[PDB]
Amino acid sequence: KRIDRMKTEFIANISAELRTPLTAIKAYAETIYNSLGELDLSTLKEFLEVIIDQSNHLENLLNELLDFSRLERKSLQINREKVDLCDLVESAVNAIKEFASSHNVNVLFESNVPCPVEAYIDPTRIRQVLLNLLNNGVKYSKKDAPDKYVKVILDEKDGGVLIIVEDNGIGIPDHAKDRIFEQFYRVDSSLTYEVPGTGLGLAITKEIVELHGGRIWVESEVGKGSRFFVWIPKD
């Protein structure tokens, strides 16, 4: 119940999420190997790049598992600097563009203040918080809609910087809102069954945010969309 039922679900979900890139790896490798007379040079190269890009996705999924274990062990440390958040967000936005296009999701960025927005943070780790939020914005986007988006909004509030990740996705039921930040927790519904994941992303993101002295909360309505709020002190 506690975690045990969720642990068995978690274990099955690692299997499922990794099996997808691995399927592409193996099919594309075997195809090159058995079809060398039947590939032109554009195609050979494209098939190699699939292998490489799918390895990359699998690698990201392993790094999630690692980072989580490192957090459950208070070993994950943070190193703050002075970063232009406008630049950090625009870089994160670029990193997800291909994944968002594959799901027909437009990815937007607005700053409510003028840029730059220097702030004292670990840039790797906040890039990782943003990528988890941007990825979820894509993963949990509406199934068939012509205007799907994920928007990053930057502002300066209560001393700190407020980062909102807004979507017009499936949204999150009331009962679930309390629990989404829990390790292994995933909403199970007819709108999430095909979507891969472990339930670790938001537990990791919550821990990184808290290590910076900030907090993260959510506002959602089912069928409309969700807003994830990340407040981190400026310094």
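Note that residue numbering begins at 1 and tracks the sequence as displayed.
- The deposited model assigns a higher average Cα B-factor to 78-86 than to the other stretch when 137-145 and 78-86 are compared.
- Here 155-163 and 100-108 are compared by their mean Cα B-factor, and 155-163 comes out higher.
- Of the candidates 26, 45, 179, 57, the PDB record gives 179 the highest C-alpha temperature factor.
- Going by the entry's values, 188 shows the largest Cα B-factor out of 53, 194, 188, 38.
- Split the chain's modelled residues into thirds by C-alpha temperature factor. Residue 225 is in the lowest one.
- Per the PDB record, residue ranking by Cα B-factor puts residue 14 in the middle third of the chain.
- Sort the chain's modelled residues by C-alpha temperature factor and residue 132 lands in the lowest third, per the entry.
- In the PDB entry, a CA B factor belonging to the lowest third of its chain's modelled residues is recorded for residue 30.
- Among all modelled residues in this chain, the alpha-carbon of residue 49 has a temperature factor (C-alpha) in the lowest third.
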